[PDB]
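Visitor: My questions all concern the structure below.
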Amino acid sequence: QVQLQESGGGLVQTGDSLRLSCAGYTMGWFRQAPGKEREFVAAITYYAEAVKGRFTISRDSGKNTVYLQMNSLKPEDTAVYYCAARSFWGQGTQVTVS
Amino acid sequence: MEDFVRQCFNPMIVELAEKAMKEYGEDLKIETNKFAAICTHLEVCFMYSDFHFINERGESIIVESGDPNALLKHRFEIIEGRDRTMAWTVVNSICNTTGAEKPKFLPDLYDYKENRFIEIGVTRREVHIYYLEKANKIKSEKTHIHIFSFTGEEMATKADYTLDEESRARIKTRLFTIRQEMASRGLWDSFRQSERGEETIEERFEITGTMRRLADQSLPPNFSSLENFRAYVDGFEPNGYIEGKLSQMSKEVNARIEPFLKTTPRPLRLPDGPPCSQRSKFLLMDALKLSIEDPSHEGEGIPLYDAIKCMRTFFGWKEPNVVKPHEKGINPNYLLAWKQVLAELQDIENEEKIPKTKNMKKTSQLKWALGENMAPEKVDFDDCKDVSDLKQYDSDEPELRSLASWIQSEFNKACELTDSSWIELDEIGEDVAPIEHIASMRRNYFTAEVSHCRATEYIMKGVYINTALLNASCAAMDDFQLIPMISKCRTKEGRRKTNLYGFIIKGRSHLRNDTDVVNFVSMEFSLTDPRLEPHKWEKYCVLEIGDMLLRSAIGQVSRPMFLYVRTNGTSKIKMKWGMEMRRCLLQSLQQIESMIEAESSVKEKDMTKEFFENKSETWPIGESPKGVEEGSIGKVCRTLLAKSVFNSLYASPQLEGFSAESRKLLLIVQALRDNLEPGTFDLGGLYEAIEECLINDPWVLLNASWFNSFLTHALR
Amino acid sequence: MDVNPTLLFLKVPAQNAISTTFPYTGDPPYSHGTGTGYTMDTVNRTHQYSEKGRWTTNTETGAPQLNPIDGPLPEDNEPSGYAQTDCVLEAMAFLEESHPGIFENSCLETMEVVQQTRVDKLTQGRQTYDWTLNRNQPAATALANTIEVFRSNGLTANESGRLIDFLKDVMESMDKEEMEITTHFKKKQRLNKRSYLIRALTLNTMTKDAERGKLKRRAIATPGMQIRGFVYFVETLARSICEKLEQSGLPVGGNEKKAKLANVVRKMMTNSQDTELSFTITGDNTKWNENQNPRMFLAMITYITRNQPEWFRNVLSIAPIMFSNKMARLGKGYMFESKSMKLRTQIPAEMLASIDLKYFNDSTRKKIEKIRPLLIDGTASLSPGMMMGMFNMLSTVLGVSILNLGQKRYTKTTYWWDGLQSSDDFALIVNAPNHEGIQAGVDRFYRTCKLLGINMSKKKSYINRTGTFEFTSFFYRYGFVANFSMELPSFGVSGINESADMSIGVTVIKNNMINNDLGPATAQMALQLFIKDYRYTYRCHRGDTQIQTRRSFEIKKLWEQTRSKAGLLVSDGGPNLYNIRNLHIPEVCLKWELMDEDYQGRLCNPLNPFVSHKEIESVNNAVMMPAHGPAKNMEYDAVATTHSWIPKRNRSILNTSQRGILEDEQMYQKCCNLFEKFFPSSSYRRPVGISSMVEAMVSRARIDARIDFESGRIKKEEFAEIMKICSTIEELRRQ
Amino acid sequence: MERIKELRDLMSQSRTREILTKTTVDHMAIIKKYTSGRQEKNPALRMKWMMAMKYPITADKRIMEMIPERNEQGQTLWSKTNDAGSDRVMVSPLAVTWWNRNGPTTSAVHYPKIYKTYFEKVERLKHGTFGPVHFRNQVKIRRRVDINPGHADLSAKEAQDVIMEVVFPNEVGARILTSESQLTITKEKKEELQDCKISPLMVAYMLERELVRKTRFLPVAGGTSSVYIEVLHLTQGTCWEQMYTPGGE
RNA sequence: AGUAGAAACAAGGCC
RNA sequence: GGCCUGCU
């Protein structure tokens, strides 16, 4: 019943900024690096230790969208960023920081 | 509204619903709410059936995703989503395998636990009315029915709900998703009531475009359009128009009846020209027989050995020499061919076992005699256009030839008795009914009458020769083959006997069309000197091959013994029809039996025995210089048999045309003789139609002469 | 003394011995080469019988057409095609008045049939002229090729499976700028509007063989597939109409024809009092088909279909509209020979338009010179009249209208006439108080016939007193007399197969005994001769003989192996138990109780590799073209034995550029066999629907695996294997 | 198992896959009759011409694995060269006779039950009693009479549904037969032919022949009964009448 | 040459 | 010389 599509990923500079958005309940943003399983990023608010202060999660319940505003990006943020609803998971949007 | 089915539902369901849309032939642009409603019905059918599996137990195993295994059985198996033909296929198959009752309408699902059908329908209206509605639509149904409705309520008879309740929560969540999504869309101005059961269509077959213009050019001369002509026809009523044109039409258009009197019919004119020649494929009146007196039956035996044994029975062979040339060929080739045949016959006699069929060498002699490598080579027109001699095939009326007296004598002696029985009939089921006994006695009488007849001998000769020729042509297409003319008879004493008239050499017979010609060369012994009726042997080459001594009171004759050699040809159709010459017996004896039955219908008793023994009654069957001569019924049998045999031997288009156009005049003459005031519209036309069939065929000319004689004797 | 069979007629009346005048024991005449000469002669003759008409040039086909309708009235007794529209409309109106409700009813049933008819009905036909290849091919093949071309061009309404939709697509094809066809030598060729119009309006001409009763050969025609549906509907209407007319005799058999002839003669003569004289005319119509203008058939049908739905009128009118513009292919061509250079050549007929005339004789030269103006794209326009009895039933309707127009209510005179009409032949009984009355009646009948484009052959017709006449080789002399010479050619081996030939021969003997008054002894002789010919044809001799053949060894060992040798079939070298009492019993059942169980089981074994059954229509139906008649089919009683094999096919396709047709045949047959194994009722009832093959086959595989597990051999392992194999073929069809 | 397997094998090759995909069910008949073989104009001529060849008949491929390629003396029985437009192979007529002397044997006890019409004819004739032949003119008048003596009072279409439900119970479709006569006929011919393995098509054809009424116009004199018309050739003639009473009466 | 009769056969095509 | 077809 809940389909999800992520937007706003891509190639970015180190120290640059990126606004992920997921069009579709509580919502989460999770990430997967090429050599690992799922990592918690944010939920809606709470953020993981590796991304706190840099990244902000927000939602518009009238647009049915959850946003992840990433700033001051690091090469270690390079991952597929997946949106999730709470059992329902997006396909993920590639973010590559360099 | 269609944007909703663009957006939400998966492809699979939308094209399933589109094919269901095409099923009953209505268009989607006029009313789409039906599409959405039935696609939601189909969706609930899937979502209710899938995700539900069973194992060897009952108690369905429910898995969110079917794992790789043999355990992929589906709890509910879908009915709809298929064509009507297949839906009823599944219905009937389930009924015949489950032993359940066949519903009259379409169900939606089948289940094992309860071994029965489910007809799922989710309607806009509340359940507690739609349920019993569809229930009274379905007669005396044991298939359990279960329906939802948008408010979220469920119901069913027996208070029965056949599977998990979380699935039903799924169903109603799906349901209210639909509902409060149209809420964003806004369709209930018609969603509750959008279909009322409309079924109507008008068939449209419109003439337009080019095909209309063609219709405008297929009218009477003074009409401009199909519309105007149809309007005129609809407005047309009979007002005496045939009478006006009949009065205005010229009076020279008439069908005046010319009276037909005794002095009206004139004798048919026969063509004039060189005498008529012989056309038969074998000698009929001038045949000679070399015999062995063996006990073998017709088909029993081997041809070559029998022929050699028969020929060794004759002594007095002389070196062959020309007596009467072909007048158009190379007679030395015929002489050399005869000597070659003799030499190769001896060659077979020497070796171990006589071969069943022999092939001959392809020498220049038989290459010429059989017409080999004479067909012009086929080429293309673009390469042969400047050749002055290049023209059509010769296509003109055949050469004209006048009748000769030899065909009359040949027919005369074709109806004469013989000293042998030339028919050995097959077996039939033993007669059980008295009518069968009467039939058998009649048949025995006719066989006794016709077996000793030259017509039967000709029938057997033709049948055997054509059968052998066809079989050899079909088997040995390439190589020249030797076939001795063999016919087996039975003497008065009862001893069986074989007879060898001569030999046939078949040539290349690559026959594709029914008209393609296979050429052969025929050699036949005889004693009739060809120096007395040369015009009858225009196409024959006749040699002198020996002397024969037949016991006669005048010392012993020591007659000459000649060989008639000629090049002839046939075709697949001719061979097939000549191998069915035995139906001449039928034709003739059917005619005689019709005579007997017609006469016996007068006197209430079978009249066969007295007809065949007393011989009191006689029919006109020929004319002598003294007058018309009548013969017994047996002579009529033989005469009709000979007529049929000659029809089968000298068959040609001339014969058919003359037969038809002379049967017409015969019927007219019969009407005259019956005092029925016959009349004709154009008798000269009929006469010209008859006279154009008489060109060169001896048989048709003889028939025309017979017709003239019949007219002369009739009309008195 | 000189023997003369004809003198036999001096004692036996002509009709009581008419069988002697039928030389049907020899080979019938056959044509040998091209039929182009006959086609050209027929075209010229049809055009010159209507010379006084008016000429026009069609704006679509660009061909010259001659319209004689409403032309000058004839002033001579020569054949004339100048039919008058008003006269024929009045004749049809009188026909309706004498038979109220005929047209409306017949149109109602025809409308039902047309709107419920299917496309497959067109496959039930003999050779048809396929325009995709410009040659005659079996009806099914031509229909399939045309459907394929239409679907490739974008005309897919025929997918509805309705013949009316197929005709809609056919007409829509007429308005297309450019169609595409396929040719093998594959090459895609483009046909413009006019070329396709002429290819759809053309006819293929051939020479008729095995035609007994005339010295000269004739030409016959075969139409295409675009026009056969309209012809089918028109002939359905005409048959429904004629079935309501007792004066017609075309849609019935022979015995019904005789019964109606007897009834009409008795009615005419019996009602006639002593004062009225009666005369029978045994009339034949000269150039029947060449003088019947399709425009007049259009007029007749549009009068018949008055006050009917316009679509019905249009669909029934399309056919005569196309016949009025019909074209005829000249034929195979002409073959030339050069003896000086010793060669031969074959020029196609399409070159007759431009080829010089130095190669042709005077007659052919003049024929070509006269027909050239009508040559358009290798085919000649034949608007003036029908070619060969395509509208038999409508012609019979016109003749019946003429016959009924003299019911004494329209004659307005003492004389009157009636009779029976079957296209190209008629018997006319005319009564009148005096010979002058009879003469006037016959004269007026002839004149009225000439006003409808129908001519009476004065050379092949004669009039006598009633009680003696002829009709279609049936000779009536105070009662019909049997002939038995017309059925003589049917007394041999038919040529289907062993069991079929045996059953057909015995059944033919039986029927000719019932109908054609064949005698008992004659029937026994026929049985004996047929058995002899059958054994000599199939190399199946009695077995106890020493006749060495290619099949005499196995037969002899079977003979020596069998204990009760009386049960062996004649096909296997056994005795013949047939007789007059057993002519209605199949051979297998007559010898069933005498066969040994081993031989009986070996013979009638379903697993035999010889028996092959295709459809319900071709189970025990044999098509025997009767002598002096159209092709006919017969039901023959036979038991499916090992002798029911089907013979070898032609096999000459392998040397032609059309060699890929055999591969397509094999693939289609493989798919059809697979479908039949999936759908057992495919043969008995032809399946219907709009889905595709693989959908039905895969879905039925699903269900049948399911249920045959729910009871049967299948197992879970196999059922799941089938389910996932179905999924595999599904994803394969995806890609 | 097998059936879907040759289905998959067919779909493997592109041409047959296209034929299966684009061809609709309705066109089934057309493509099934799609053939280059013309219908013979003169069957007798060619049957008399073909039988003189070696390998003149045709048989299924399976013959190559039931009958040896040659007999005792070496006369060939079958060839491996296939027919023109079929997978069947051309074989000699001896392969027929061979099959009747050493071919596989079965139990033909049920053929009498299938071919009911012909065996009923045989039984009727076997117990018939003939009588004296009376010679007198017969006034043959032409009448419409029923030839089939076992017709169950059903038309072609009327009995076609019965035949399908008896043989093809699953392809019946909408129709469920209402008339109880049809019910009893279905029951009887279902329990009687429950395992007969002759062929579905021939069984259906013979059921159609037996149950469907058929009528033809014939010249008759007396009789007029169905049983008396099948022997019309034996009881009535041009000038003779043969009294007969079939075994049924 | 021969068959046959309003046009054909008296082998065809492919290498 | 070798091979193919015999209503296409």
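By convention in this document, the chains of the structure tokens carry letters A, B, ... by their order, each chain's residues are numbered from 1, and ligands are numbered from 1 in the order they are shown.
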Which residues are close to range 236-240 of chain C, i.e. within 9 Å by only C-alpha atoms (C1' of nucleotides), leaving aside same-chain residues fewer than 6 positions away? Reply as JSON, numbers by chain.
Guide: {"C": [105, 106, 107, 109, 110, 111, 113, 114, 250, 251, 316, 391, 392, 393, 394, 396, 397]}
Visitor: Okay, now the selection with C-alpha atoms, as a tab-separated table (two decimals), in the first residue's frame?
Guide:
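See part_37.tsv below for the written result:
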```tsv
chain	number	residue	atom	x	y	z
C	105	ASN	CA	-39.48	-13.57	-45.62
C	106	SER	CA	-36.47	-14.63	-47.69
C	107	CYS	CA	-34.78	-11.34	-46.80
C	109	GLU	CA	-33.83	-15.37	-43.05
C	110	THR	CA	-30.98	-14.05	-45.20
C	111	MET	CA	-30.48	-11.16	-42.76
C	113	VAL	CA	-27.76	-15.76	-41.67
C	114	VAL	CA	-25.62	-12.80	-42.78
C	250	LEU	CA	-32.12	-25.93	-59.24
C	251	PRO	CA	-31.89	-26.19	-55.41
C	316	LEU	CA	-26.50	-7.71	-50.90
C	391	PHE	CA	-25.41	-16.57	-60.18
C	392	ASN	CA	-27.15	-19.84	-60.96
C	393	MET	CA	-29.93	-19.26	-58.44
C	394	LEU	CA	-30.74	-15.70	-59.53
C	396	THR	CA	-33.29	-19.59	-62.05
C	397	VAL	CA	-35.33	-16.92	-60.27
```
Visitor: Check the DSSP output for the backbone and give back, as a ChimeraX atom specification, the residues of range 37-222 of chain D in strand (DSSP E or B).
Guide: /D:57-59,70,76,78-82,89-91,129-135,141-146,154,212,215-220
Visitor: Could you give me, as a ChimeraX atom specification, the residues within 10 Å of residue 1 in chain E, counting only C-alpha atoms (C1' of nucleotides) and dropping anything in the same chain fewer than 5 positions from it?
Guide: /B:326,328-330,368-371,374,539,567
Visitor: Any idea which chain F residues end up within 8 Å of chain C if we count only C-alpha atoms (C1' of nucleotides), as a PDB file with N, CA and C atoms (P, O5', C5', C4', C3', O3' and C1' of nucleotides), in the first residue's frame please?
Guide:
```pdb
ATOM      1  P     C F   4      17.935 -38.874 -55.771  1.00  0.00           P
ATOM      2  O5'   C F   4      17.451 -37.398 -56.138  1.00  0.00           O
ATOM      3  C5'   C F   4      17.240 -36.420 -55.129  1.00  0.00           C
ATOM      4  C4'   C F   4      16.201 -35.404 -55.536  1.00  0.00           C
ATOM      5  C3'   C F   4      14.888 -35.959 -56.061  1.00  0.00           C
ATOM      6  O3'   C F   4      14.014 -36.348 -55.016  1.00  0.00           O
ATOM      7  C1'   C F   4      15.627 -34.175 -57.447  1.00  0.00           C
ATOM      8  P     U F   5      12.609 -37.052 -55.346  1.00  0.00           P
ATOM      9  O5'   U F   5      11.890 -36.031 -56.334  1.00  0.00           O
ATOM     10  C5'   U F   5      11.000 -35.036 -55.849  1.00  0.00           C
ATOM     11  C4'   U F   5       9.968 -34.690 -56.890  1.00  0.00           C
ATOM     12  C3'   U F   5       9.254 -35.880 -57.509  1.00  0.00           C
ATOM     13  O3'   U F   5       8.192 -36.349 -56.696  1.00  0.00           O
ATOM     14  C1'   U F   5       9.967 -34.408 -59.221  1.00  0.00           C
ATOM     15  P     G F   6       7.584 -37.819 -56.916  1.00  0.00           P
ATOM     16  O5'   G F   6       6.479 -37.596 -58.038  1.00  0.00           O
ATOM     17  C5'   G F   6       5.536 -36.539 -57.910  1.00  0.00           C
ATOM     18  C4'   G F   6       5.003 -36.089 -59.248  1.00  0.00           C
ATOM     19  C3'   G F   6       4.131 -37.113 -59.980  1.00  0.00           C
ATOM     20  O3'   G F   6       3.055 -36.453 -60.649  1.00  0.00           O
ATOM     21  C1'   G F   6       5.949 -36.495 -61.352  1.00  0.00           C
ATOM     22  P     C F   7       1.533 -36.784 -60.249  1.00  0.00           P
ATOM     23  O5'   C F   7       0.776 -35.392 -60.412  1.00  0.00           O
ATOM     24  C5'   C F   7       0.685 -34.749 -61.675  1.00  0.00           C
ATOM     25  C4'   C F   7      -0.270 -33.583 -61.633  1.00  0.00           C
ATOM     26  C3'   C F   7       0.161 -32.401 -60.779  1.00  0.00           C
ATOM     27  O3'   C F   7       1.054 -31.535 -61.463  1.00  0.00           O
ATOM     28  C1'   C F   7      -2.086 -32.959 -60.282  1.00  0.00           C
ATOM     29  P     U F   8       2.507 -31.208 -60.856  1.00  0.00           P
ATOM     30  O5'   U F   8       2.338 -29.764 -60.204  1.00  0.00           O
ATOM     31  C5'   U F   8       2.095 -28.619 -61.014  1.00  0.00           C
ATOM     32  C4'   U F   8       2.124 -27.345 -60.207  1.00  0.00           C
ATOM     33  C3'   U F   8       3.417 -27.095 -59.438  1.00  0.00           C
ATOM     34  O3'   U F   8       3.678 -25.693 -59.369  1.00  0.00           O
ATOM     35  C1'   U F   8       1.618 -27.278 -57.914  1.00  0.00           C
TER      36        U F   8
END
```
Visitor: Could you write out as a ChimeraX atom specification the residues of chain B within 8 Å of chain D, counting only C-alpha atoms?
Guide: /B:85,88-90,92-93,96,104,433-435,470-471,474-475,572-573,576,597-598,600-606
Visitor: Could you dump the residues just selected with C-alpha atoms as an mmCIF file, in the first residue's frame?
Guide:
```cif
data_model
loop_
_atom_site.group_PDB
_atom_site.id
_atom_site.type_symbol
_atom_site.label_atom_id
_atom_site.label_comp_id
_atom_site.auth_asym_id
_atom_site.auth_seq_id
_atom_site.Cartn_x
_atom_site.Cartn_y
_atom_site.Cartn_z
ATOM 1 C CA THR B 85 -15.055 -20.188 -23.072
ATOM 2 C CA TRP B 88 -16.928 -22.465 -18.577
ATOM 3 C CA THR B 89 -14.094 -24.902 -19.321
ATOM 4 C CA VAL B 90 -12.883 -24.551 -15.724
ATOM 5 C CA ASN B 92 -17.116 -28.019 -16.260
ATOM 6 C CA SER B 93 -13.723 -29.494 -15.364
ATOM 7 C CA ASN B 96 -16.530 -33.378 -13.449
ATOM 8 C CA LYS B 104 -25.510 -21.508 -14.243
ATOM 9 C CA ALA B 433 -33.248 -65.071 -51.423
ATOM 10 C CA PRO B 434 -35.440 -66.300 -54.305
ATOM 11 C CA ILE B 435 -34.862 -62.986 -56.081
ATOM 12 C CA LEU B 470 0.035 -48.501 -67.330
ATOM 13 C CA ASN B 471 1.870 -50.565 -64.715
ATOM 14 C CA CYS B 474 4.434 -46.161 -63.776
ATOM 15 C CA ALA B 475 7.227 -48.566 -62.773
ATOM 16 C CA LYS B 572 -2.987 -42.044 -68.639
ATOM 17 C CA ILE B 573 -6.668 -41.252 -69.190
ATOM 18 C CA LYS B 576 -7.406 -45.970 -67.328
ATOM 19 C CA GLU B 597 -38.284 -56.676 -67.029
ATOM 20 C CA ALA B 598 -40.421 -54.320 -69.119
ATOM 21 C CA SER B 600 -42.389 -59.259 -67.821
ATOM 22 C CA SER B 601 -44.286 -56.384 -66.206
ATOM 23 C CA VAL B 602 -46.958 -57.127 -68.825
ATOM 24 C CA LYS B 603 -47.275 -60.868 -68.174
ATOM 25 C CA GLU B 604 -47.122 -61.408 -64.422
ATOM 26 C CA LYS B 605 -44.236 -63.887 -64.597
ATOM 27 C CA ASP B 606 -40.484 -63.970 -65.230
#
```
